[PDB]
Amino acid sequence: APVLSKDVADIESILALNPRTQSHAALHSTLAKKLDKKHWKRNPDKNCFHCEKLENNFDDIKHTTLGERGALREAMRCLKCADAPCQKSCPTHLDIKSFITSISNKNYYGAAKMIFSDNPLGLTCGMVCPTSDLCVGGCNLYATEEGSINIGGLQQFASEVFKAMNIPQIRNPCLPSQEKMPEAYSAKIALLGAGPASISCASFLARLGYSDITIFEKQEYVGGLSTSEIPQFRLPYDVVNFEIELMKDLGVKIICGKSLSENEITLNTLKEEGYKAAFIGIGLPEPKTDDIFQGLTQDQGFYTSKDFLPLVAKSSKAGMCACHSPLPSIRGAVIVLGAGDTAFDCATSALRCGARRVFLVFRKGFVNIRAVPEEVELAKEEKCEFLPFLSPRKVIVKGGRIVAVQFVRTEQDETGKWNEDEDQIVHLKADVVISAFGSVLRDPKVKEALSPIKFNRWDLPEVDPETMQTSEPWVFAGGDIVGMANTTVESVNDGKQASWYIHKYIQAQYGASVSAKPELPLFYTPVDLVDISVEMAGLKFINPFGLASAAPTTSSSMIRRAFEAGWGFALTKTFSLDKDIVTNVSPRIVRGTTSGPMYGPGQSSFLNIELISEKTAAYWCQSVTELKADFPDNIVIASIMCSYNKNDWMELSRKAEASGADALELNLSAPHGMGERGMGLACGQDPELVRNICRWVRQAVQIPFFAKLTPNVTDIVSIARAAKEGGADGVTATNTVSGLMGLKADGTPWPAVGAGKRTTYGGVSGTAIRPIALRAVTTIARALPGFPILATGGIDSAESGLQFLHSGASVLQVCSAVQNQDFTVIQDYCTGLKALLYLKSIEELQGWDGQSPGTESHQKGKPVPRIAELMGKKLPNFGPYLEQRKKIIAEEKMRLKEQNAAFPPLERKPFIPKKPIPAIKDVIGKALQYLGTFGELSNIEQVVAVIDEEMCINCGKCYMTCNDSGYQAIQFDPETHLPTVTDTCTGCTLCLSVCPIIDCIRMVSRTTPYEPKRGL
Amino acid sequence: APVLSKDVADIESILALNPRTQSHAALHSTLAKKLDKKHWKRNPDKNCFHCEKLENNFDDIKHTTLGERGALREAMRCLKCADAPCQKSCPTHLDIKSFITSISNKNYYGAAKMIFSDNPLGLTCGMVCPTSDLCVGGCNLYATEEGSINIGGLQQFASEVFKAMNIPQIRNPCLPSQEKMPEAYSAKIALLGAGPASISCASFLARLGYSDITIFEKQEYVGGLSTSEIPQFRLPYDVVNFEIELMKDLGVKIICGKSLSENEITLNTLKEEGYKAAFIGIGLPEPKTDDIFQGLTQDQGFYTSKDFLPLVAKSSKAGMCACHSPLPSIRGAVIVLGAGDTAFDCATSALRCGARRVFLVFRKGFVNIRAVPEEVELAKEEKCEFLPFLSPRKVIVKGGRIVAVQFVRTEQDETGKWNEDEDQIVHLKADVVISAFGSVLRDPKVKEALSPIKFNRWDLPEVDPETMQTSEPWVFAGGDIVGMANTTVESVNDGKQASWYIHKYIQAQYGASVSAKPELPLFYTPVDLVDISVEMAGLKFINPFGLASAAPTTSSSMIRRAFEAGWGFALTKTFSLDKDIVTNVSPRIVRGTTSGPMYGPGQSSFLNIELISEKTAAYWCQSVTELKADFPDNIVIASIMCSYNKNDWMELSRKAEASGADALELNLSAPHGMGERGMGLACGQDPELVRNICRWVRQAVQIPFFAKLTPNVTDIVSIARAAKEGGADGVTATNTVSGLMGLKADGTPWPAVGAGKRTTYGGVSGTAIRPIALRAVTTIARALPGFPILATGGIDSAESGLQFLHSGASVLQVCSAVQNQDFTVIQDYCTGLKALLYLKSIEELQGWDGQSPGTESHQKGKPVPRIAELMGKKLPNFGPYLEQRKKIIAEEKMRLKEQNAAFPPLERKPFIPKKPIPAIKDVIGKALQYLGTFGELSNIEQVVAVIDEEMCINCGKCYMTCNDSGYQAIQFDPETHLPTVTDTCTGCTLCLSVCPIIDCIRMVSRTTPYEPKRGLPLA
Ligand code: SF4
């Protein structure tokens, strides 16, 4: 037959682009290189001066937006620091460490709950916060080459997933029923203006239990600037609606078309109507004007930011206003005056209206720009021109329209004073002029309505910076109107701050006092009501998470703090009789090398050569008595160890039982014998020894006890069965895996002890051994149905915990995840498990995998345009293909503009459980039904790989894996770098396994009878 | 006794900043927050308009510089793409995929070798290449939120490590001896100008074997613009010297003080002197001038970039010149005219000279700036002011000094053209003016020296863009002088391109032809001569790396390509007799979840439920015959499997032997007949069955055979011993670990097969099982000294491979590392192992760990200034503390400027092996001496953790780990966020294990005797 070990022509051809080591240096002329470079170009071209058409294009342009794949990577990178500087730098004091930890553990619900607990507008802020000047500006990772964490994008992602869950906010469960609430909580409360400040203030007051809260809004739309001015391409209106509805879930009422103004609503009319407190959150309603613009109209081409931005918003935000308004017709050159946030949004928004060119003109220099670099970047990347040191002097109008603006030179002299040079002028041609000089409060009727509160020299309501209280005790203020806040988050914080003192004030008015220490409630939803208790071997666990017998339980004081944090149970470090006292060596605990040279958070494993507790049995027994006395509902299991001696095991187990331990855990690590009988050296490796030890203990104590099994055995089931036959009430699976973590290049080990640099085999723990522990738990669960199992081995999240429950375990022990972090992870594990169970009752979310929404086609986490004009056209996101995609998208936007139509956000409506929420007992062992022998697997129902071209990032890893580890079934296009799976695919699934994009490749049922390649 | 389970006051205090979940929302006023924010500030403050003192400060300001920690992370992130677009976008076509792969595997030598093979100025380019407009601009990862790879910084890092190794370049090993070289290679070759272009050209010609190469340089210094103008704070002079010395290692001669000029060296004098070929690489020697600056002197305050930058370079670059040069005195406001690379370097350099303020003024708009964004960013972050649309008209001079510059306004019209508005002027005050209008070749004497070559309409030497040849056959040109190159890398490529055709031309002149296909040699060093062959069980392996019996050996055609790539040996996929033919299911191979939701490169493991080969024994046996016929020196081992039947094992083993296999590997995964004793179910789990199977095969064949052991046993040594007693020539340790990779939230498994979404236990492979495999190999090696062991289990680099060799294995099998990449990793493994062995002979590098230099105090990978006024001040790199550090550093720079000196430049000298380079046989089992029982470990020689404040990034992880997983022995300062290990430390070593900064924490011998905490006195 032909040469079997040679590729035929067809395969040789398919392997054309497969990596091969070159034996010589390559030769390619500089000219050839210049001509080839443009074909692969991904990023902006420095030599390109035009901005892709953006007319009527309101797609998200934020650089911080993240998809799940990207969010998980960034969340894992976060160091999750103690006393985190990022949190200290966040105006609402968000517990960034905790919410990012939750995201890293795939607990998006927990992350969102943490975010909204401190910031009711968590999604809006995640999208618009100028992080470089806030939280991110203080991030410790700024001290690394890779840089600071994208905190805003992470916050946005978790909040977006929560929004998708369609779960409502609920009243505080710890609160008395509505009818049992003191009279004071029915006090009529009024807030003016429905912006971030009032929304936040009303939200917190509602959390506190106040039942009569009304926000009076002047306009017909709600959300304040988030709605009327911030562009849709930075902050989607549906986000604002989402946060407003969450607030309304608490009973807050909003009345539009009502203004704080003389002859309308005034502080006097409110007081007269019985309102007990009022919060002023009307912001700065008017534009800062300039004499040189007097009399100019929109028809001539002049707008203040207050005129222009709301026009664009009303036209691009479906759901904002009830009308359908065409977009402002901005043609020609546009001059935007100013250098604050507003100026840049006017510049980018002008492009959406059709502007041919946009000039951002400021009276100072580049160094003096007010907006954060990230905001400036957006206008810069869209090719807006920047003209520094120019002050407006005259606007030229001809034929009823603006045609130019004359400026004068500005300059800083020595003394630092900014001066204008009359003799140095600039005549700039322009068709449209937009002033972005800021906003103010001027309306005499509005100010009069605030009588008689004191106004400062800035002509703004004066308030105490700590209480947000005005000169009138019952009146408070916050947000832009106070003149301190520069952001949405600070305005939110102003309302938050004010809510506590408004509460204090109202309570006092009803003769009631409040805690000296501020106690604003957290954010709650129905998920928090989910019961995650479980019963095992006659013991009641408040939650299935506990500390394994290990470093985290080195001292009983640590267990106390763990219980205080919320852990369901805990194991004492293994202890023994005085005669068996041990002494540890050092170093003894090292990081795993199981996932490469990655240091810091999330070590994939640890290796330890630590012995049992160095503390005495007397210490542990007295400690157990104390712990059980102070934490009666938290389970305490005493871990004990003796040599193979009946009297010892009986003596120690009885001492532990007498201390008040809920149960005992038998550590079977003690040696015995020679070592060739095929059953190792430890007692736990010999069924006969295990059976006898359990018999001795069963005979000595009445409380339940579990045998902790080692995975270092041929058949762990035989050991489990022996423990059961001996009388054990269950087994703990499993202890550490024996191993050697590695050696340095010189051959010395790590850990290395003493001058001799010696070491001994240690135990591997962590996620790296989870596959071993998961197998152990499932095999035991299948062989001994109903026999209690306490799982241990790489549990580091609610998700992984649920995997073990599904595999047959009743409770979950943790060590490494805590060594990688701290005791507070229990908060993440509990909210995470509640969410996973809750979601199982929601019919409309069945397509999700736990808390992960079904993956949708995207690029950089942003949804791919499903335009018929782009589908199947094989247009990669680079070079000339990218240009084509941009042209097609632009044309689509123009078409959407011609056919003015749409507005159905189909009002937000919460999903309701359509079945009982599963209890832990309902999920235990549910995965066992899928496990079996290889013979039970169908070899008829085969699959093949299918690639989603739209999600591909053209790396060719699928191609390389199939070539050198598969069946050479993928074609990799030499021009587009797009892969195509051919009919020779066998469905091995390696390509999907190495793809960097989650769900880009999927395995689907084969459409033709499969035929094994026999080579023959 | 007191409450034992409660922390006493002092511990409660130490735990003050320990994480605790809050039960209520926090309350902090907006004002309080505004006041607290400045204390923790890390990045630049947007409201800061002032320029931090940079006078005489030439510290590295590149944002791309990487330290080992950072380089490893970035290298692992790289997708190591096929037909990589980054490489296509690199002017010198560097194999970025390969060099980055080597860095991720800790093989810095291999990475540097790959880099220098295609770019002789690899270090300079790593530091100065405008990557956003080159390699990085085409990076596939740009399509991800985290963004493109820092290719330049990675190149810089690998090259810097190689530079530190002090290893010389050597002549091409496959070249005939110097004496046996054809006469043509002695042809006298001349190159004009010692810049990137000529250095590259001379280097490649030298690689080809030419022995008489001379570069004539006009100045007294070498390196061209890299030396004379690129700032020391972007490109250290020692980098240039390094690359020059590497070139000189090949025999290239450099003569300074010699100019290509009519009254000196000309093409005619060279031809007359017998030179056979000449390369013109003199760049653009003169500044582009403007009539408005006529007559202005430096004393008045005027400089062209050609006057200014060299002055700064000569004073800041130790070694450049023989005389110490003063730093130009630039005081007051400085105006830099232009928007190209030069303008920005003039602006930043002006600040080092003491400028109070710097204005970058250009005649076009911001969008029209020529320099890449990264270059612009440096001037921007240093507070340089930018003034667009201004064209210079007059330099106002009063009192013999420039006091201002008058400009006119500019603008683009309705067609794109640019105009100047006379009526719109600007009068800008300034004390110094620096024109950065570019450079040109104008000297008539230099042009005349190039007669009679043709010049184009641009007034530059004309050359064929493919051959770099001028109108005169024996004269070539490249670099800036040609006018196409815009970068160092392109100039380097011009010289590279030219070397091949210069070679072709010279050979032809001597009546010899050259290959139609270009064959420039790679870069070589003594490391490449290191022997990594090894003998085991009577078999000779050219190198210890081979493909394990697995997916990568699914087909014999794949093994062929693997051998073509360089793999030492390979196992066939396990095959059997026709009656035992199997049929796979799908899906069957999935990624590991052992290191979290990290997708793409470097999966920490894989799980498979694949069976043995679906191809017949006939296919495999014929394939083995073919492979051994075509690759006699590559070892082929046939993996076979039968049920527990004597006749079957004897039949199959004989069939495999008859095919010509060098040896056999027995797969012991076949089940037995009913159990009876936690003896698993597979033959490989029962010593008795293993012994019998090996006995049957031993009686059947004469070639060596190895038993592949499963790690899924209580005592693997008992199985290894059984195989030995049975007659096996060795054992393969080990096969995959039994496991379940995971379940989806709905409880279904992955892999999930069929409509029933079923699965079965699979085998875990990859780095996640390496600890298990390493234990297996070491225990067998200790129990059966000298018994051959073939290692398998997480081997993915030369470094990890050496760990197994040290543990007792002779050869190394690989599977997962290839599944994660491709066959070309063998190149990294071989150069990596050669480097590791070579370095063991270098006495001056004993403090290194393999290829890793000892870690020094760094922040962001940049050396921490060892200033007396900083060490021990407890000044973290943030908030007010950072301000103080900067003030101290600035004062130090001023003192160095005043406490003058700096003639100590070194005499670059290669390290020479001071002992024989170890062979593989010399390292095997060397680690065993350190392994023993727990009782053999000293409990007297204890250690404690010690933290290097200067390397700390204030995360508090050490603190949190000791608090909830240790002994509450670390104090974490509430103001500086600096940790301090106290005397209660027990040396458990957890803090060091979780610290994100490599070597920030170190374990040191306890200075006080250790007393175990018993909690309660022992009675
Ligand atoms: S499932 Fe396997 S045979 Fe199919 S295209 Fe992916 S690596 Fe290749």
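In the text below, chain A, chain B and the rest are named by the order of the sequence lines, each starting its count at 1. Note that ligands are numbered from 1 as they come in the structure, with each ligand's atoms numbered from 1 the same way. What's counted below: heavy atoms across the whole structure, side chains too, no hydrogens, waters or symmetry copies.
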Response to the item:
Counting from 1 in the order shown, the ligand 1 atoms closer than 4.0 Å to a non-hydrogen atom of A/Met1003 are 1 (S)
Item to complete: Measure from NZ or CZ of A/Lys1013 to the centre of the six-membered ring of B/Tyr619 and say whether it is under 6.0 Å with the direction within 45° of the ring axis.
Response: no
Practice prompt. Using a strict 4.0 Å cut-off to heavy atoms of A/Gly987, name the atoms of ligand 1 that fall inside it.
Written response: 1 (S), 4 (Fe)
Fill in: Residue list, salt bridge (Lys or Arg N to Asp or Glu O under 4.0 Å) with B/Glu564, at least two apart or on another chain
none
Fill in: Pairs involving residues 984-999 of chain A, ordered by first then second residue, that meet side-chain hydrogen bond (donor to acceptor under 3.5 Å, both in side chains) (sequence neighbours left out)
A/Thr855-A/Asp999, A/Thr982-A/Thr984, A/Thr986-B/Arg588
Worksheet item: Is A/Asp7 paired with B/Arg561 through a side-chain N to carboxylate O contact shorter than 4.0 Å?
Response: yes
Discussion item. Using the side-chain contact (heavy atoms from CB on, under 4.5 Å) criterion, which residues pair with B/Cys621? Sequence neighbours excluded.
Written reply: B/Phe575, B/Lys655, B/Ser659
Item to complete: Compute both the distance and the angle, then confirm whether B/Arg758 meets the cation-pi test with A/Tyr930: under 6.0 Å from the six-membered ring centre, within 45 degrees of the axis.
Response: no
Discussion item. Looking only at protein heavy atoms, which one is nearest to atom 1 (S) of ligand 1, and what is the separation?
Written reply: A/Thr989 N, 3.2 Å
Worksheet item: Cationic tip of B/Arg591 within the cone over B/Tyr599's six-membered ring, i.e. under 6.0 Å and within 45° of the normal?
Response: yes
Discussion item. Below 2.8 Å, which protein N, O or S atoms neighbour atom 8 (Fe) of ligand 1, ignoring water?
Written reply: A/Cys962 SG
